[PDB]
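Protein chains in written order, with the numbering used here: chain P, 26 to 166; chain L, 70 to 124; chain Z, 146 to 270; chain C, 36 to 214. Report on one structure; see the data block that follows.
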Amino acid sequence: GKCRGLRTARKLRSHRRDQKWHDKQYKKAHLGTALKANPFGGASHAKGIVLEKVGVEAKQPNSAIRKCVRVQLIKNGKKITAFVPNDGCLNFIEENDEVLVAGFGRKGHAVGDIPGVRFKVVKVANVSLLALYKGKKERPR
Amino acid sequence: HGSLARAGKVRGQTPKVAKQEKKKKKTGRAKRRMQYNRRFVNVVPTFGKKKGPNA
Amino acid sequence: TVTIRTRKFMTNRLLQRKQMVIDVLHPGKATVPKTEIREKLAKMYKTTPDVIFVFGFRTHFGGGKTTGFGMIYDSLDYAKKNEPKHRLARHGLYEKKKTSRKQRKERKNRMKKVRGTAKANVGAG
Amino acid sequence: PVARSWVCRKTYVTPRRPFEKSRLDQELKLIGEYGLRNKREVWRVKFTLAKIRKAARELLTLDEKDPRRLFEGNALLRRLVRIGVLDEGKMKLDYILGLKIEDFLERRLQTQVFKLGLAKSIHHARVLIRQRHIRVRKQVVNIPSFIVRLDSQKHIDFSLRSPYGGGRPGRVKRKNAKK
RNA sequence: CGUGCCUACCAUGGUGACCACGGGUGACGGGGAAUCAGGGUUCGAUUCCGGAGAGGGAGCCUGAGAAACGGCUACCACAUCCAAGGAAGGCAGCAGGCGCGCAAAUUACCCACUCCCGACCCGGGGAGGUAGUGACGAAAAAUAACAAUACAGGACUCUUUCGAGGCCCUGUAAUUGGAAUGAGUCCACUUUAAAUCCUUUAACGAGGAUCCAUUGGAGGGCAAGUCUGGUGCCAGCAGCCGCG
Ligand SMILES: [Mg+2]
Ligand SMILES: [Mg+2]
Ligand SMILES: [Mg+2]
Ligand SMILES: [Mg+2]
Ligand SMILES: [Mg+2]
Ligand SMILES: [Mg+2]
Ligand SMILES: [Mg+2]
Ligand SMILES: [Mg+2]
Ligand SMILES: [Mg+2]
Ligand SMILES: [Mg+2]
Ligand SMILES: [Mg+2]
Ligand SMILES: [Mg+2]
Ligand SMILES: [Mg+2]
């Protein structure tokens, strides 16, 4: 099975260094395609510009029309369909707004209800969606 | 084709309810004292099968 | 009323000075000021009061003791010699009259740009 | 550049499971029994006991005639006796692991007030040791998390204060109302 | 100065499957940091040490020490004045401004402490220290607390008690004081180069209009409601299972 001699440690580290790439997490952490292929340029948050508002559908067991925003980024310049979280907020996210986006619970997968949305809206013109939903005074219109 | 007009439908159609004037709560250690006086060896009349912290 | 006791006591005969650590007792009112502790130490040393210095006062969180550093000197000329101007400023011996930022540096710049008679006219006037 | 101080210590036990029913019941009956505020000052005592247990297991790992073990074990026994958790009896390292959680809460400031009087409802004794009314010695004690050492253990007096010292803190309001 | 460091001649060598050579590093190297069996895994630009550079990159005077840039010379990219023949520049120093980005502080004061420089006790230092923003983060820690008075929910020592409550907690928008004490308001202290903050202390300073504690949740994981009213696979909730 293994190799258990006193001078076999080079063969051991060669075998482990070869077989360590087959894990998904190691290769997505130490392969450059998860920097040159993902959005954000490897960031956590990113500002963007509202391009359009898209009503997408839910999955097959669910039945809902989810409301999302196609976001033109500032750092990279790519297009991200980002999700409108709360009950309202479609009337609070307008065209050409400074929109901060983050993940849902995982960068790789998405939410099991929405097909192709990986990211979530937090801010609208330096005013958060929690502030626009409850508590604070008025929109920056 | 999915229309975007139904935004905040339940948030609009929800009847508003005025929050009634609830008295002030207790502090940190006072709230822990209330928890120890309420939900522990202070008052336990019944049998140890069912629990009643809210009903 | 108050009680002043010196714990640590050293004598520098080179500079004709005596260093001490002063604990002032407080079972009563507030922290006794700069003048009165100095006068009581002058009464306990039985000389003229215009020569003994003291600096620093803590407070041990309600009455208790206040700890400072006292300096008994035997010559007013030695007191004027061996002491810095900021501790002469408690009695007002040294006066600088220009405690201002950028004044000396702009004088340095006016003495760095021009040279000679124009420098003595501008940077010194 | 700057050189003042850079250090960080977290006297804070963080539990692995967040919501254990028996553990929450045990920690809240501990708080309600020994008069505490929140669970981070339970985790203070738990972290100190855990660090003492780590040092005790590190000492019990070594050989018995080891001089480092003798020195550090005698120092740990001396510090625990001067705290007052141990007795003058069992000076073994296994009894240190045999210690429990509630002994440090017993040796804190409020429980010594409970055992030696002027307690009057531990929740009020918290106020009596917070406000300047219970004073271990001439250096005034203010903070309730005060490990009462065994070397003095009895000096509970107060001077220039409200109930026995003197002064009119707010009774002058009632006197001016009656006058 | 010892050297293929360089030159003339001579020999054909030297390294590599024990990974050299060739690429990338979102690579300055360490002492270290996070992570709780042991073993390990991932960062270390960052206050200490050593290296490298002062927009890119080449050359050099002086000087013991530089290929120095708060030195110079010429090129490229920038870039200020111009009265159009010419002058003048290098904040990856301290403050600050533009752009950039999810993202990071005031054109403050002082050489008072520690050191350093110079002819020298005496001058200087955005080296540093102090002050302002600051919920990166670490420690201690009020937010209404407390003892009593009275109704009862009474678990309970005890006698057919429908109580003796010298054990008791709780709903009391109920009284009562210690009128506790703190935060703030300010005199005099003190710290301090001058001050502020810490502490001492004189006087105001709580009764639900108080001096108001929020952040998430209540099907399982995962502590906690088969409560009420609307919405009726719509809105939406839910990091997965799922609900509508
Ligand atoms: Mg997922
Ligand atoms: Mg690099
Ligand atoms: Mg670890
Ligand atoms: Mg390890
Ligand atoms: Mg070297
Ligand atoms: Mg250099
Ligand atoms: Mg630059
Ligand atoms: Mg330089
Ligand atoms: Mg510069
Ligand atoms: Mg609900
Ligand atoms: Mg549960
Ligand atoms: Mg919810
Ligand atoms: Mg959640």
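Quick reminder that beta carbons are idealized off the backbone N, C-alpha and C, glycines included.
Note down, in chain order, every chain Z residue with its Cβ under 8 angstroms from the Cβ of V175 (chain C). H205, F206, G207, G208 and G209
Using beta carbons (cut-off 8 angstroms, strictly below), is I66 (chain C) in contact with chain L? yes
Considering only the beta carbon of each residue, do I182 (chain C) and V148 (chain C) sit closer than 8 angstroms? no
Following the continuous alpha helix (DSSP H) through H171 (chain Z), name the residue where it begins and the one where it ends. From DSSP, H171 (chain Z) is part of no alpha helix (DSSP H) but of the beta strand (DSSP E) over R162 to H171.
CB of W46 (chain P) within 8 angstroms of CB of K53 (chain P), strictly: no
Separation of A71 (chain P) from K103 (chain P), as counted between CA atoms: The straight-line gap separating the alpha-carbon atoms of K103 (chain P) and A71 (chain P) is approximately 11 angstroms.
Rounded to whole angstroms, what's the CA-CA distance from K135 (chain C) to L185 (chain C)? Just pull it up for me. 18 angstroms
Within 8 angstroms of any Cβ in chain P, is that where the Cβ of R80 (chain L) sits? yes
Given this structure, state the Cα-to-Cα distance separating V136 (chain P) from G128 (chain P), to the nearest angstrom. 10 angstroms
Per DSSP, cross-strand counterpart(s) of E123 (chain P): P:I74
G130 (chain P): beta carbon under 7 angstroms from a heavy atom of ligand 1? yes
Buried versus exposed, by CB contacts within 10 Å (16 or more), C114 (chain P): Result: buried.
Tell me whether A160 (chain C) is buried or exposed, calling it buried when 16 or more other Cβ atoms sit within 10 Å of its Cβ. buried
For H236 (chain Z), which option in Z:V259, Z:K153, Z:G173 and Z:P194 has the closest C-alpha, if you only look at C-alpha atoms? Checked all of Z:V259, Z:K153, Z:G173 and Z:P194; the closest Cα to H236 (chain Z) is Z:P194.
C-beta atoms of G66 (chain P) and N111 (chain P) nearer than 8 angstroms: No.
Can you tell which of P:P64, P:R164, P:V142 and P:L60 has the C-alpha that lies nearest to the C-alpha of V152 (chain P)? It is P:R164 whose Cα lies nearest to the Cα of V152 (chain P).
State the Cα-Cα distance for the pair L95 (chain C) and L128 (chain C), rounded to the nearest angstrom. 7 angstroms
Rounded to whole angstroms, what's the CA-CA distance from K64 (chain C) to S194 (chain C)? Just pull it up for me. 35 angstroms
Stretch-stretch touch, CB-based, cutoff 8 angstroms, three pairs: the stretch 43-53 of chain C with the stretch 73-93 of chain L: no
DSSP three-state label for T146 (chain Z), please. coil
Find the residues of chain L that neighbour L115 (chain P), judging by a C-beta separation of less than 8 angstroms, and give them in chain order. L73, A76 and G77
Let me make sure I understand the geometry here. Which of Z:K210, Z:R252 and Z:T180 has the alpha-carbon closest to that of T151 (chain Z)? Z:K210
Report the residues of the stretch 189-202 of chain C with a CB closer than 8 angstroms to any CB of chain Z, ordered along the chain. Taken in chain order, the members of the stretch 189-202 of chain C whose beta-carbon sits within less than 8 angstroms of a beta-carbon on chain Z are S194 and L195.
For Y199 (chain C), the three-state DSSP class (helix, strand or coil): coil
Hey, how far is the Cα of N106 (chain L) from the Cα of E82 (chain P)? 52 angstroms
Give a yes or no on whether the minimum CB-CB distance between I139 (chain P) and chain L is below 8 angstroms. no
When DSSP labels each residue in this structure, what does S57 (chain C) get in the three-state scheme? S57 (chain C): helix per DSSP, three-state reduction.
What do you get for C43 (chain C), buried or exposed, if any count of 16 or more other CB atoms within 10 angstroms of its CB means buried? exposed
Could you work out which residues of chain Z lie near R167 (chain C), taking near to mean beta carbons separated by less than 8 angstroms? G207
Would you mind giving the Cβ-Cβ distance between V196 (chain Z) and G213 (chain Z), rounded to the nearest angstrom? I have them listed as a contact below 8 angstroms. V196 (chain Z) to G213 (chain Z), Cβ: 17 angstroms. No contact.
Closest Cβ-Cβ distance between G66 (chain P) and chain L: below 8 angstroms? no
Please determine, among C:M126, C:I191, C:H158 and C:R206, the residue with the shortest C-alpha to C-alpha distance to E68 (chain C). C:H158
Could you please give me the residues that DSSP links to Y218 (chain Z) through a beta bridge? The partner list for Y218 (chain Z) (beta bridge, DSSP) reads Z:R162.
Would you mind listing the alpha helix (DSSP H) stretches within the stretch 70-118 of chain C that are 4+ residues and don't spill past its ends, in chain order? 75-96 and 102-118
For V149 (chain P), report the span of its beta strand (DSSP E) as first-last. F144 to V149
Measuring only between beta-carbons, confirm whether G160 (chain P) sits less than 8 angstroms from chain L. no
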